[PDB]
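*Asks:* my complex, first installment, coordinates as in the assembly:
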Amino acid sequence: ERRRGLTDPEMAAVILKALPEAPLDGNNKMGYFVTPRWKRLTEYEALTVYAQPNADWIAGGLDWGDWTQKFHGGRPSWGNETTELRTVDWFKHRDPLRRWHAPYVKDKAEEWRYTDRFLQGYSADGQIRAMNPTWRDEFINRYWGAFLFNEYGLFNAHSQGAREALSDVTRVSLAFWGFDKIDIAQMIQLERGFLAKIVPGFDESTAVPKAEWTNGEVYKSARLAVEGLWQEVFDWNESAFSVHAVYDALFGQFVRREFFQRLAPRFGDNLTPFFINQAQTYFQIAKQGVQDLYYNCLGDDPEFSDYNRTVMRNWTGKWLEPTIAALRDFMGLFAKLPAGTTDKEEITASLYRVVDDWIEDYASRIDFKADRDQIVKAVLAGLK
Amino acid sequence: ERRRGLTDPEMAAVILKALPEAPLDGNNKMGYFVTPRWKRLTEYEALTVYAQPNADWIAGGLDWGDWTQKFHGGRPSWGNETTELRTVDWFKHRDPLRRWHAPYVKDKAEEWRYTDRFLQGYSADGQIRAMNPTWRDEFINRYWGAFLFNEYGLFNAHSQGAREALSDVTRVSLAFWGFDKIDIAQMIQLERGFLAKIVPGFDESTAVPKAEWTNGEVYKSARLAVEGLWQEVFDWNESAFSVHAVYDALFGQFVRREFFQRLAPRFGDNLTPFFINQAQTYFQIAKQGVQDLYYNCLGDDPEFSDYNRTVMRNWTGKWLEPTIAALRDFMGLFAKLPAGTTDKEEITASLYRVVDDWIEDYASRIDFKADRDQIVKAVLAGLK
């Protein structure tokens, strides 16, 4: 049997005998040298800041010298060359929610188990009985299901960023932004799988919503934007900023909040909103981090504010057009709704909510002159 | 300073020396003598069964003799005299969800923390914007608000049972049934408190909903039934059975699921359903335990089945009348809804859902002859 030094009389006595009288240094605070963002250093910061071994030549790095092994050709492991944005210190970023691995999986796990109990309750409660069949069969199955691919693409857009992020704080935020997206895609399928269990004849195969995504008209420009953001952008910041501060903030928010969350309730559907609640909770959580990185740290950088804002305004313009195109094609879905579901007045107000929120939360932060009426009118152009 | 026997060389040496060669008994299973309900003894059962020190004179007790101290007059601490129901063994009950304190609080905590995040997300997302002001200010505030008193009364009905329950397994289930009720009452207030924070001028004071409960017409018979179930019943089993397998199964399920959960979505309200989801999940969890105790254990008792069913049918008839009166008065709320909100055909369908569900899940288990049409017609008399 194994003898442990903490409990074995012989070994412990030897250990105790070697110990000093008191600690050899009174400074018992790990990352004590890290500049805290708040009043006192947090656990999130201590466990995260400076984990990335950058040298001083990547803004804010504490190490020195070149990397030990680079790519064939000479490209650095991490380098300034992977993004247009510049800063005085890449370690400035702080997720306002202070999420390191432990609290992140803790919360997601709570949502998972509660999701399981909710479904167990919903099915036992027979709440499906009053859900409109047309909404369920056409709208949730095909159209909401098609949206899974949008979120999946947005998830995949983060792959390069996971590899190229220039700091630990940014990498952690980025990974969580991406992981929440795949989760949402999976929750859309989970709902379809649930319907297949409680509704005879309902087919959980992704065939239908996939065909809608790849070949339909309503999500045509959406898919084109996603394919672009994911595979045509090689700058990790352009990807993150454009996905979260342009495309998803406008198109995603409209689709999730202004179409499905707003309309599913009119069809006796409290099922889809249960999952959209998670999606919106996740959107608002990421937003805080997106704003901190792009506005507080980059857009407001003491030495590169002007430069960065120029680049971000550039990306906003670049991605605003395909985003509008995405919303415009999506307007086509309203024509497919049963008569009397909505009207142009409600659609218009919903469009303004999304645009106004985007202007206050994102556009205005970098002095991007967005014309609300101009944007709403362009989208309304696609109603039928 | 403090030397601990597990780590101190001298002290551990002494302990180690006194230790036996191997354990003095190979049966290392606490609760090994308890008859497992399932394949193998569960942690839930081991930690719970026979914790109550009943003597053999209370069916199933393992101890002997009288209590050591009784009430003035001689009433026993616990006794057969506190309920009409009889059984071969009061320890037979098992909560199908197997909840002892740890899993129960774990699940509720998840719900609390996710509720907090949901609210943070909802407020940040501006979702109230599309909520109908009348439904918000009148229906949620006054009418749903008033229902908090119904759930609070139901919670209070459990006090005597917490004191009089004749076994550990029934006591733990009973307490959890009651604790969920007070939780729901607090969630109704929580919503009103949230609305007060995000809606200018909304008053979270309970004065309005309380006056609706104590003086209005809609909840009159409901309040009367609650007051009786809570304070006029001195039999702990009559209380739990009539609350869960009669009153709340019919009236509560109608109000929560067939009125608010069904109609709130039509007014752009996904906020109330978020909480009703918790109430319905809780109701369905409690149902399994209520069914196990009253039907599997008592109603199907090998010796007292016929006796217990006679008593439970007696209680059903006793409480079905005031429950129907509760539903009848509640029908008056339909006339207060904006024109075109719902109709007699939807209402009738919803009533039949509640009644049929009740007949299947409760009434039929004890051979109580319920006439679904008679009940629905009796309720519809308060509509038109």
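*Replies:* Thanks, I have the structure now. Residues are numbered from 1 along each chain as shown, chains lettered A, B, ... in the order given.
*Asks:* so what's the closest residue to residue A:187 other than its chain neighbours up against?
*Replies:* Leaving aside its sequence neighbours, residue A:187 sits nearest to residue A:275 (CB to CB, 6 or more residues apart in numbering or on different chains; 4.6 Å). Where C-beta positions appear, they are placed from N, C-alpha and C, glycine not excepted. Going by CB atoms under 8 Å, 6 or more residues apart in numbering or on different chains, residue A:275 touches A:184, A:187, A:188, A:190, A:191.
*Asks:* keep only those of those residues that are in helices.
*Replies:* Of these, the ones assigned to helices by DSSP state H are A:184, A:187, A:188, A:190, A:191.
*Asks:* after the helix or strand encompassing residue A:147, which helix or strand is next? Please name it.
*Replies:* Using DSSP states H and E, residue A:147 falls within helix A:145-156. Following helix A:145-156 in sequence order, the next helix or strand is helix A:159-164 (DSSP H and E).
*Asks:* buried set for that next one?
*Replies:* Buried residues in helix A:159-164, defined by neighbour count with 16 or more other CB atoms under 10 Å in any protein chain shown: A:160, A:161, A:164.
*Asks:* and stretch A:284-294, by the same measure?
*Replies:* Buried positions in stretch A:284-294, judged by neighbour count with 16+ other CB under 10 Å: A:284, A:285, A:286, A:287, A:289, A:290, A:291, A:292, A:293, A:294.
*Asks:* and that stretch, does that touch chain B?
*Replies:* Yes - on the criterion CB under 8 Å from any CB of the partner chain, stretch A:284-294 is in touch with chain B at A:284, A:285, A:287.
*Asks:* may I have the host helix or strand of residue A:285 as PDB, with CA atoms only?
*Replies:* Following DSSP H and E, the helix or strand that holds residue A:285 is helix A:271-291. Extracted as PDB, the C-alpha positions of helix A:271-291 are listed here (Å, rounded to 0.1, in the frame of the first residue of the first chain):
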ATOM      1  CA  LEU A 271     -41.500  25.900 -26.500                       C
ATOM      2  CA  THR A 272     -39.400  27.800 -29.000                       C
ATOM      3  CA  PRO A 273     -39.300  30.900 -26.700                       C
ATOM      4  CA  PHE A 274     -37.800  28.700 -24.000                       C
ATOM      5  CA  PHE A 275     -34.700  28.100 -26.200                       C
ATOM      6  CA  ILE A 276     -34.700  31.700 -27.600                       C
ATOM      7  CA  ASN A 277     -34.500  32.900 -24.000                       C
ATOM      8  CA  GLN A 278     -31.100  31.100 -23.800                       C
ATOM      9  CA  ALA A 279     -30.000  32.500 -27.200                       C
ATOM     10  CA  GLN A 280     -30.900  36.100 -26.100                       C
ATOM     11  CA  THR A 281     -29.300  35.600 -22.700                       C
ATOM     12  CA  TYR A 282     -26.200  34.500 -24.500                       C
ATOM     13  CA  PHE A 283     -26.300  37.400 -27.000                       C
ATOM     14  CA  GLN A 284     -26.500  40.000 -24.200                       C
ATOM     15  CA  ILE A 285     -23.700  38.300 -22.300                       C
ATOM     16  CA  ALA A 286     -21.300  38.300 -25.300                       C
ATOM     17  CA  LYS A 287     -22.300  41.900 -26.100                       C
ATOM     18  CA  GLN A 288     -20.700  43.100 -22.900                       C
ATOM     19  CA  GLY A 289     -17.400  41.500 -23.800                       C
ATOM     20  CA  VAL A 290     -17.600  42.500 -27.500                       C
ATOM     21  CA  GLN A 291     -18.100  46.100 -26.400                       C
END
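*Asks:* let's add chain C too:
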Amino acid sequence: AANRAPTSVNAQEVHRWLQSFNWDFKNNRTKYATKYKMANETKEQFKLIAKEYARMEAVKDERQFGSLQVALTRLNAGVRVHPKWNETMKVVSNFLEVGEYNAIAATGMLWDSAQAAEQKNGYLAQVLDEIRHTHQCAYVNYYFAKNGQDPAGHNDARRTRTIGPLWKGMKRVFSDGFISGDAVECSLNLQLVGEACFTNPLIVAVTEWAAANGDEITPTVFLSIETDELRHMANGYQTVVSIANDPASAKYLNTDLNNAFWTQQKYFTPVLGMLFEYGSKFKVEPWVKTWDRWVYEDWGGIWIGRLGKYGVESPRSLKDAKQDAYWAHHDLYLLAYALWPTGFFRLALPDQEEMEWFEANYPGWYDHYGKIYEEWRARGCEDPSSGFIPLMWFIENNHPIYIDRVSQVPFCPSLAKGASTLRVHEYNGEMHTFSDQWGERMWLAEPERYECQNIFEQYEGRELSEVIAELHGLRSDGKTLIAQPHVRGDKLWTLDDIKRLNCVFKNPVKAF
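*Replies:* Chain C now in position relative to the chains above:
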């Protein structure tokens, strides 16, 4: 995206309106008999709601169960504990378990008594806390059974505890005392006296003795239980506050308090000191000092003093409790050991170092108890082939052992270094034996509250081994007894070893 700051609502914001949840109706009154009136505007100290309560406790549970399942198990902490302490915990955890259990029902009764929603809410948190505590004490026995040196007893105390006399007294202070009577008397037994005077300081003390004896399992659990206790003392304090401004208080409060104080101390004074001093190898502090600090100083002095403004006075029986306290635990261990075959745990005679420790802290210990223990050892009380059980010595030396009709505490007035009081009465064909003035008044004034059959009455005319067998007092081999007169791993007593002694119980009162 957004338009409005992220917002939520906390427990306190909801609690602000909780008092208003209760409403007026003719029959909105307690279902339990009581001499008092709990004021309907009574407030509670902790502003909690069901959800927040659950989260608070869930955090505690994850810490505790993490320690137990991970590090402590890796450390084989269930095993590396002194044999005597392994045994002590069978009693400490299971006996405390019934206290936690009955406390659930007690607080249910109190929740029914309280008329103010807030007061009800406070009692309700305790209902749930005591459920938590029941499963916690259960888990300690479960953990020692699964991983320890001697699972027997830890594994079936819920049925094996019924064989012995110490269990009867435990049910009086921690079962019936908590739920049978005026709800206020029950609150005084539970909260004002039980938890405030004994349990709260005891739980912590247990972790110190456990730690000294190599037990890290109990500290992990009992330290977690302790975090909930302040809410309960607030409940007890609130009980007094809620009934103090009504005429009934001046007439009855100090009497119910005095009765509750005597009730609790009668059992705990001898039992706790016995479990600590005789149930351990390593000693933390002599019981005489501890008792004085806990009961006389902390409780009777400070704690009680805080309730003076509500008309509460130190129990009139305090000086008597101190008088009878000194030798109480020593006197009782003689009896528990003499009756060792009736337990569900293993007992040891004090070793030479302990004997020195006992005499050093209790002058006169050796010439009385020391001599007796030495004589018993000489007679072969530890050896299965001796044919000797200490009960036999009592019979040979004419020292009858009685059971107090009220407290159930066993006493031997003719041998005791402490109290020698013995009052025997015949009433309507039955005799009753009392060990003190306070319990005698309780019976005389309330005979119908105290009819508990004692072990000599139940076991009268029965041979010892038949009682042990019927009540499952055996190990898994179906031969070896769970209880033992030594803590060694060899030469364990057998059912046949007991049968050969032909010890047949006699009701001591039949000698009058």
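*Asks:* ok so, going back, what residues sit buried inside the helix or strand that the helix holding residue A:285 is followed by?
*Replies:* Next helix or strand after helix A:271-291 toward the C-terminus (DSSP H and E): helix A:305-330. For helix A:305-330, the neighbour count (16+ other CB under 10 Å) marks A:308-309, A:311-313, A:315-316, A:319-320, A:322-330 as buried.
*Asks:* packing partners of helix A:305-330?
*Replies:* The helices and strands touching helix A:305-330, judged by 3 or more CB pairs under 8 Å, 6 or more residues apart in numbering or on different chains; DSSP states H and E, are helix A:220-231, helix A:236-242, helix A:372-380.
*Asks:* could you export the ones you listed as JSON lines, including mean neighbour count and distance to chain B?
*Replies:* Formatted as JSON lines, the helices and strands packed on helix A:305-330 follow (neighbours: other CB atoms under 10 Å in any protein chain shown; distance: least, CB to the nearest CB, whole Å):
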{"stretch": "helix A:220-231", "mean neighbour count": "20", "distance to chain B": "21"}
{"stretch": "helix A:236-242", "mean neighbour count": "25", "distance to chain B": "20"}
{"stretch": "helix A:372-380", "mean neighbour count": "16", "distance to chain B": "15"}
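*Asks:* would you turn those into CSV with distance to residue A:19?
*Replies:* Shown next, in CSV, are these (distance: least, CB to CB, whole Å):
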stretch, distance to residue A:19
helix A:220-231, 56
helix A:236-242, 48
helix A:372-380, 69
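*Asks:* would you mind listing what in the stretch 251-384 of chain A touches chain C?
*Replies:* Residues of the stretch 251-384 of chain A lying near chain C (CB under 8 Å from any CB): A:253, A:283, A:284, A:287, A:353, A:354, A:356, A:357, A:358, A:360, A:361, A:362.
*Asks:* of those residues, select the buried ones using a ChimeraX command.
*Replies:* In ChimeraX syntax, the buried subset of those is picked out as below (16+ other CB under 10 Å):
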select /A:253,283,284,287,353,354,356,357,358,361,362
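*Asks:* of the residues of the stretch 251-384 of chain A next to chain C, closest to chain B?
*Replies:* Taking CB to the nearest CB as the measure, residue A:284 is the one of those closest to chain B, at 4.2 Å.
*Asks:* packing partners for the helix holding residue A:147?
*Replies:* The helices and strands touching helix A:145-156, judged by 3+ CB pairs under 8 Å, 6+ apart, are helix A:168-198, helix A:207-215, helix A:220-231.
*Asks:* slot chain D in:
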Amino acid sequence: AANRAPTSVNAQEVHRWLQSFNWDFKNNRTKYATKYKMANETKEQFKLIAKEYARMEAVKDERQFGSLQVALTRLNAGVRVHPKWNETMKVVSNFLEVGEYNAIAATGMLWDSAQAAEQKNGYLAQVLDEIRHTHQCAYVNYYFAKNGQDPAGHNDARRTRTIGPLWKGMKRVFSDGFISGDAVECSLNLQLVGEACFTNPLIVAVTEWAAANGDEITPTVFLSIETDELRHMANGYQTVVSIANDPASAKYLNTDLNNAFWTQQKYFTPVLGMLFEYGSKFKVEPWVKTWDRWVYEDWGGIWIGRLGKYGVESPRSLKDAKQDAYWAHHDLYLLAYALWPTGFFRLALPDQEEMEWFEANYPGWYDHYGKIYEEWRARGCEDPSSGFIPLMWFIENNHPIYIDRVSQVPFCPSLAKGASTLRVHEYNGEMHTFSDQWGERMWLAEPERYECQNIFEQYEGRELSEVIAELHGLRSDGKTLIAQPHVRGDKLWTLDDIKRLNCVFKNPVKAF
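*Replies:* Following on from the chains above, chain D is added here:
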């Protein structure tokens, strides 16, 4: 009431449709250079969804943090560890931390490379796991700094690591090797070799030595980390399976594998043997034995053998690796100790028992290393007043210390009982020093991948105390060095003790 059985949906039921999530578009291709084609349709072993992944990890965290925060803290486990091990853990936890960290980026790259959704999903879970591991290793140092005998180094390794030479080599195997190159080469460095050959066995071995040395903090955390490693092995296996049916595999896989194998072993062979044998008081097993089982038998034989069906073969450099192994760790500790002022940890000369242990397990150890250490002690290497740093002995005895331009591993050819090979080239105005034929070929073939400045090039002409000062190698008193040549509580060296020695670095290649 209601009707319908309670029903829900699990991870597998959703994962069943995950492969279908990816769709075709012209530019749906990896953003990284690669010679290989990862087959779409490649499947994954673990049918996970994000929510279930979080749940499975959360339960582990619960246990881990519970143990750390409750019982282990109550046991003062952060203190009762051998001084030597407290120091070793500064290096073990922080160096492993960087591998966990770079592994996040590596798997992000692999997620990008994979075209099949399931394969991307497999790499994704590892992305999340490596973040978990980064925070876990960070927590080990956080805990030891918060509660241990010497927080310096544990509290600032992220910046103090930069002063020393051993860190450069760690960046080669666990940072750059994981992310810089063909995605497949990185996967071989990370999963197929790094994790399967070194990390997986190392993590558990570390818990063994930790426990032997009184450390229960490391086993709690590292045993939790090891539970995730199975999924990472699967990812590595899947990498090979995904590229195996393409013509590029036959041409390139085995050379990328051989290069990755050499890369990983070049550092771990001497470093881990050094950390185990010289960073502990109590030993678990001689490294020569361990290395043979881990690399030659377990990995080199069995593990790799399971990949034979995909065209994978034993690294052609395996034989060379075994030959160079035996004395590698002994040779390295001489340099690590000689350069003690550059560390962020305290080192000790082997004591009498250890020297005996070393000789018993490595005949000839004493004649070479033993005598040297005795000479250094005689010269006063442990005493602040000596004015002696072992590096002075290297200079006096014409023993230049070089840094391999490719692996960054320091080596002293003229002294070493191992390899003794040295290759020095001049190219375009710069000289480069190599210690083996494999790394030499790497540089000759890919000079632009290996331009890392070494300690002697950067510190050239600088006085030692000024380097330590600028890089914050001091304790909180701002004068005592973090690093020390002994592990005792006093006679600690200060910056001024170093300054008086007037040690000025020279680039050794300039001798040529």
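*Asks:* please look at the buried residues of stretch A:284-294 again, because chain D has been put in.
*Replies:* Using 16+ other CB under 10 Å as the test for burial, stretch A:284-294 gives A:284, A:285, A:286, A:287, A:288, A:289, A:290, A:291, A:292, A:293, A:294.
*Asks:* skipping adjacent residues, who's closest to the third one in space?
*Replies:* It stands for residue A:286. Using CB to CB, 6+ apart and skipping the chain neighbours, the partner closest in space to residue A:286 is residue A:177 (4.7 Å).
*Asks:* and residue A:328, what does it touch?
*Replies:* The contact partners of residue A:328, taken as CB under 8 Å, 6+ apart, are A:221, A:378, A:379, A:381, A:382.
*Asks:* can you do 6 Å?
*Replies:* Counting by CB atoms under 6 Å, 6 or more residues apart in numbering or on different chains, residue A:328 touches A:379, A:382.
*Asks:* gap between the residue of the stretch 1-150 of chain C found nearest chain D and residue D:142?
*Replies:* Across the stretch 1-150 of chain C, no residue is closer to chain D than residue C:66, which sits at 1.6 Å (CB to the nearest CB). Residue C:66 sits 17 Å away from residue D:142, going by CB to CB, to the nearest Å.
*Asks:* what about the residue of the stretch 1-150 of chain C closest to chain D, which helix or strand?
*Replies:* Element membership of residue C:66 [criterion: DSSP H and E] is helix C:50-67.
*Asks:* what ranges does chain C have for its strands?
*Replies:* All strands of chain C, identified by DSSP state E, fall at C:402-403, C:410-411, C:423-427, C:430-434.
*Asks:* give the buried residues for the last one.
*Replies:* Translated: strand C:430-434. Of all the residues in strand C:430-434, those buried under the rule 16+ other CB under 10 Å are C:432, C:433, C:434.
*Asks:* would a markdown table of those with distance to residue B:230 be doable?
*Replies:* A markdown table is the format used below for those (distance: CB to CB, whole Å):
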| residue | distance to residue B:230 |
| --- | --- |
| C:432 | 41 |
| C:433 | 45 |
| C:434 | 43 |
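*Asks:* what residue in chain A comes nearest to chain C?
*Replies:* Taking CB to the nearest CB, chain A has residue A:357 as its residue nearest chain C, at 3.9 Å.
*Asks:* that residue contacts residue B:127, doesn't it?
*Replies:* No - between residue A:357 and residue B:127 there is no contact under CB atoms under 6 Å: 11.2 Å.
*Asks:* pull out the CA atoms of stretch C:427-440 and give them to me as PDB.
*Replies:* Taking Å, rounded to 0.1, in the frame of the first residue of the first chain, the C-alpha atoms of stretch C:427-440 are listed here in PDB:
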ATOM      1  CA  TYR C 427     -50.200   5.100  41.400                       C
ATOM      2  CA  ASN C 428     -53.200   3.200  40.200                       C
ATOM      3  CA  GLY C 429     -51.400  -0.200  40.200                       C
ATOM      4  CA  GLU C 430     -48.000   0.900  38.700                       C
ATOM      5  CA  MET C 431     -44.800   2.000  40.300                       C
ATOM      6  CA  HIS C 432     -42.700   5.000  39.100                       C
ATOM      7  CA  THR C 433     -39.000   5.800  39.900                       C
ATOM      8  CA  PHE C 434     -37.600   9.300  39.900                       C
ATOM      9  CA  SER C 435     -34.000  10.600  40.200                       C
ATOM     10  CA  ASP C 436     -34.800  14.300  40.900                       C
ATOM     11  CA  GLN C 437     -37.200  16.900  42.300                       C
ATOM     12  CA  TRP C 438     -37.900  18.500  38.900                       C
ATOM     13  CA  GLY C 439     -38.900  15.400  37.000                       C
ATOM     14  CA  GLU C 440     -40.900  14.200  40.000                       C
END
